[PDB]
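Novice:
Number of protein chains: 2
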Amino acid sequence: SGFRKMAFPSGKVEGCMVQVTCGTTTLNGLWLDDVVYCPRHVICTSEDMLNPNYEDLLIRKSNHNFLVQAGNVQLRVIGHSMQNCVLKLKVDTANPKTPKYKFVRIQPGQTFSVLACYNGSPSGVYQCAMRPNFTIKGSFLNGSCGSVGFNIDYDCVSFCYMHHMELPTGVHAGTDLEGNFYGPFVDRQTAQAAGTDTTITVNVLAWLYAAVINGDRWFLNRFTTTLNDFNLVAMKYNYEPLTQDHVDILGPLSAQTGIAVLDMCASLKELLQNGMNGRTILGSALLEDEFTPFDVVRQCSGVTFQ
Amino acid sequence: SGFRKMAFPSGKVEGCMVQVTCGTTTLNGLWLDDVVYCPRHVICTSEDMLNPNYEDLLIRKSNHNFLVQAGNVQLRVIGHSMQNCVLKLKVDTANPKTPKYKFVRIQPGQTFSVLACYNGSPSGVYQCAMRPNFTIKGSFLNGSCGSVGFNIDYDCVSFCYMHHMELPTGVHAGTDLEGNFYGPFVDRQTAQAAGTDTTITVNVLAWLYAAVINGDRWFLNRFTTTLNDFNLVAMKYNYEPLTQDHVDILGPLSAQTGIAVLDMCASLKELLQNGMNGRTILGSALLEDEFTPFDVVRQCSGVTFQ
Ligand SMILES: *C(=O)NCCCCCC
Ligand SMILES: *C(=O)NCCCCCC
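Those protein sequences? They're chains A and A', same order as listed. A prime marks a further copy of an entry chain. Going letter by letter, the first sequence gives residues 1 to 306 in the entry's author numbering. Going letter by letter, the second sequence gives residues 1 to 306 in the entry's author numbering.
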């Protein structure tokens, strides 16, 4: 029993983190086989960051301009290239700790673990779900650029996120490991800001099923609703539309609990209209939307507790 | 910026987790140097669990009754002994991945990371703070016994918790690594239940300082209060008393933010008396008490954002 915001065990990723220094800038890199991946803005001065042409900045560098430190060992840089917003530093040694891995791009509403790192040294691990507006609500301090986000699927690490910057609302923006930004953000100094966000409805429904599996049942009701009438209330409260594919995805949780998806939808409508009246669900006084149906199934493989 | 419930990177602990099987029971063990530590209830049948005499049960076992599997390698058990509620299995191989470590007992109100494991395989990592009533609100399914809780101090792992059982309210009870239970709980089947709990006041104040460091300021006020008058309101809302040592501990956060501890106390009193009026703090609609002052300082080393 119990329900926690749980991250994947981080060891496989810790064994890949290195420190990359160029000039007076230090940030983190990801060392897989004989390549080190990091944000290309490592090659920028502050004046550069104002309006950089990275192809120009990079042609003025050589391999020896990049100091890579893996723990207590300096790695010899033997090639460099740019792929979109990431720099690829070819090094003369393959990382003996490389896990099985893939570079996957995730969708808004999906979750991943973040290994926050400073100076190539891991400092903490937490779960973060990509927001509909393609930002993440992370916890990052100066120096954390290059920290990565990932899921682990069996023994395979799917990297999905590399951290690049903080937007003015305090939320975070970055790229996939192909260097393509999530969202309409750029690695240069502009007035760029997060667009409007919405709540991830399928996740909120998943979390209500988690609550039922864990014995919180006060919000259930006898009512049902139709998909269209539900989505009419969703729109009003800045919730994403629920689709038939979402309903299908919630199938297993519905079956385990014996609560139809559209019945749980009627509970959610009531919660949106009435609030909680001083009660909590799984320790929260707000409706939580950063657990996907898969996250709930993985963590709640336990008894439904009728 | 940002504030997340962050766990310590788990690799150093992942490298110590093994599977311990006795009879038809499998649970997790912790392999440090040439010893494997696990819950002694691994030696119990269900009928045994009803009312066991563990000294009797253990004298009837031999080394070959214990199968230890470290990944794909069976470890040869060459000695066994009991220390309080933990079993110590001496094995013929020292774990080459043993970190620098210590066995520390923590205090109620302190936090730690949990590496939830099944069949010797790590499945997730999350942050859990020992409650005043010596339970933890974890996320554990059958098979998770033997999973450990820990802090990491530089490269040294301080183990503080081994998981043993779930109480009827769905909260979790266990021991330090010396096998001494936290709280008035026993590793046998009884009607045992969690005693009444309270909120960890110093942690709530720490988290309010985190909120200020992160730009949530709506709950601040011009008022102050005295320590005694504050503790008079605390008692009424099931909050622990605040001590002068707690105030001293909050010193650095008070200095960074320029908000006196007793002024922040007046904000907390107002929040307790009035609620939040539909607003949130650091993404929560409840006052959070599972971050210690040290956790806030470690994660918020960042700009105060005046
Ligand atoms: C990373 O450690 N800091 C981010 C500073 C650079 C942002 C400009 C794109
Ligand atoms: C651990 O995996 N399960 C706990 C079952 C035994 C509890 C009796 C003390």
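Every residue gets a Cβ at the ideal spot worked out from N, C-alpha and C, and that includes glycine.
Which residues share a DSSP beta bridge with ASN28 of chain A?
Specialist: In the DSSP output, where bridge partners are listed per residue, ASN28 of chain A has A:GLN19.
Novice: Does DSSP classify residue 319 of chain A' as helix, strand or coil?
Specialist: The displayed coordinates of chain A' run from 1 to 306. Any statement about residue 319 of chain A' would go beyond what the structure contains.
Novice: Ends of the alpha helix (DSSP H) at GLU178 of chain A?
Specialist: No alpha helix (DSSP H) contains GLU178 of chain A, which DSSP labels as neither H nor E.
Novice: Would you call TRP218 of chain A buried or exposed, if buried means 16 or more other Cβ atoms sit within 10 Å of its Cβ?
Specialist: Label assigned to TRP218 of chain A: exposed.
Novice: Have a look at the DSSP bridge pairing and note the partners of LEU67 of chain A'.
Specialist: In the DSSP output, where bridge partners are listed per residue, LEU67 of chain A' has A':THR21.
Novice: When the Cα of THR257 of chain A is compared with those of A:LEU242, A:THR304, A:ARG222 and A:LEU220, which residue comes out closest?
Specialist: Looking at the Cα atoms, A:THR304 is the closest of the given residues.
Novice: Can at least three beta-carbon pairs, one atom from the stretch 115-125 of chain A' and one from the stretch 173-190 of chain A', be found at a separation below 8 Å?
Specialist: Cβ pair count under 8 Å is below three, so no.
Novice: Contact criterion: CB-CB distance below 8 Å. Does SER147 of chain A' meet it with respect to chain A?
Specialist: No, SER147 of chain A' lies away from the interface with chain A (no Cβ there is under 8 Å from its Cβ).
Novice: Hey, is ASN119 of chain A close to ligand 1, as in C-beta under 7 Å from one of its heavy atoms?
Specialist: No.
Novice: Around the Cβ of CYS117 of chain A', are there at least 16 other Cβ atoms within 10 angstroms (buried) or fewer (exposed)?
Specialist: By the neighbour-count rule (16 or more Cβ atoms within 10 Å), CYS117 of chain A' is buried.
Novice: Quick one, are the C-beta atoms of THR25 of chain A' and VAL42 of chain A' less than 8 Å apart?
Specialist: Going by C-beta atoms, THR25 of chain A' is nearer than 8 Å to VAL42 of chain A'.
Novice: State the CB to CB distance for the pair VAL233 of chain A and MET162 of chain A, rounded to an integer number of angstroms; the pair is presumed to be in contact (CB under 8 Å).
Specialist: The pair is not a contact, with the Cβ atoms about 38 Å apart (cut-off 8 Å).
Novice: Between the beta-carbon of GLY138 of chain A' and the beta-carbon of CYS128 of chain A', is there less than 8 Å?
Specialist: Closer than 8 Å, so yes.
Novice: If you reduce the DSSP assignment to three classes, tell me which class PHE230 of chain A' lands in.
Specialist: Residue state, collapsed to three classes: helix.
Novice: Determine the burial state of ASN53 of chain A': buried for a count of at least 16 other Cβ atoms within 10 Å of its Cβ, exposed for fewer.
Specialist: Exposed, because fewer than 16 other Cβ atoms sit within 10 Å of the Cβ of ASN53 of chain A'.
Novice: In terms of residues, what are the limits of the alpha helix (DSSP H) holding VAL186 of chain A?
Specialist: That residue, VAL186 of chain A, is in no alpha helix (DSSP H); it is neither H nor E in DSSP.
Novice: For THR226 of chain A', count neighbouring C-beta atoms within 10 Å of its own C-beta (all shown protein chains included) and say buried if the count is 16 or more, exposed if not.
Specialist: Exposed: under 16 other Cβ atoms inside 10 Å.
Novice: From the beta carbon of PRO108 of chain A', is the nearest beta carbon of chain A less than 8 Å away?
Specialist: Taking Cβ atoms only, chain A never reaches closer than 8 Å to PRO108 of chain A', which makes this a no.
Novice: Taking 8 Å as the threshold (beta carbon to beta carbon), is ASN214 of chain A' in contact with chain A?
Specialist: Closer than 8 Å: yes.
Novice: So with Cβ pairs under 8 Å, would you call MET162 of chain A a contact of chain A'?
Specialist: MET162 of chain A does not count as touching chain A'.
Novice: Is the Cβ-Cβ distance between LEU27 of chain A and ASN95 of chain A less than 8 Å?
Specialist: No, the pair does not count as a contact, with Cβ atoms beyond the cut-off.
Novice: Strictly below 7 Å CB to CB, what residues from chain A border residue 322 of chain A'?
Specialist: Since the first residue of chain A' shown is 1 and the last is 306, residue 322 of chain A' is not available in this structure.
Novice: For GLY120 of chain A', which of helix, strand or coil comes out of DSSP?
Specialist: Coil.
Novice: Can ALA266 of chain A' and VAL125 of chain A' be called in contact, C-beta distance under 8 Å?
Specialist: No. Outside cutoff.
Novice: Distance, Cα to Cα, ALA191 of chain A' vs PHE134 of chain A'?
Specialist: Cα to Cα, the separation comes out at about 17 Å.
Novice: Could you name the residues of the stretch 238-269 of chain A whose beta carbon sits closer than 8 Å to any beta carbon of chain A', in the order they occur along the chain?
Specialist: Of all residues in the stretch 238-269 of chain A, none has a Cβ within less than 8 Å of some Cβ in chain A'.
Novice: Nearest to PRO9 of chain A' by alpha carbon, out of A:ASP197, A:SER113 and A:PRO132?
Specialist: Considering only alpha carbons, the answer is A:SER113.
Novice: Looking only at its chain, what residues have a beta carbon closer than 7 Å to the beta carbon of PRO108 of chain A, apart from the 5 residues adjacent to it on each side?
Specialist: Cβ neighbours of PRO108 of chain A beyond the five flanking positions: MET130, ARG131, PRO132 and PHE134.
Novice: How would you call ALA255 of chain A, buried or exposed, if buried means at least 16 neighbouring beta carbons within 10 angstroms?
Specialist: Label assigned to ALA255 of chain A: exposed.
Novice: Does the CB of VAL125 of chain A have a neighbour CB from chain A' at under 8 Å?
Specialist: With 8 Å as the cut-off, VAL125 of chain A counts as an interface residue toward chain A'.
Novice: According to the Cβ coordinates, are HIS164 of chain A and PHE140 of chain A closer than 8 Å?
Specialist: Cβ distance not < 8 Å, so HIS164 of chain A and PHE140 of chain A don't count as in contact.
Novice: Determine, using beta carbons only, whether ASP56 of chain A and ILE78 of chain A come nearer to each other than 8 Å.
Specialist: Against a cut-off of 8 Å, the Cβ pair of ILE78 of chain A and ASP56 of chain A comes out as no contact.
Novice: Kindly list, in the order they appear in chain A', the residues whose Cβ is closer than 8 Å to that of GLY79 of chain A.
Specialist: Under the 8 Å cutoff, chain A' gives no residues; its nearest Cβ is about 29 Å from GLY79 of chain A.
Novice: Run through DSSP, which three-state label would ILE200 of chain A get?
Specialist: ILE200 of chain A falls in the coil class under three-state DSSP.
Novice: Can you name, in chain order, every residue of its own chain whose Cβ lies under 8 Å from the Cβ of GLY302 of chain A, other than the five neighbours on each side?
Specialist: Excluding sequence neighbours, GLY302 of chain A sits near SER1 and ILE213.
Novice: By the three-class DSSP mapping on this structure, what secondary structure does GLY251 of chain A have?
Specialist: Looking at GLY251 of chain A - three-state DSSP - the assignment turns out to be helix.
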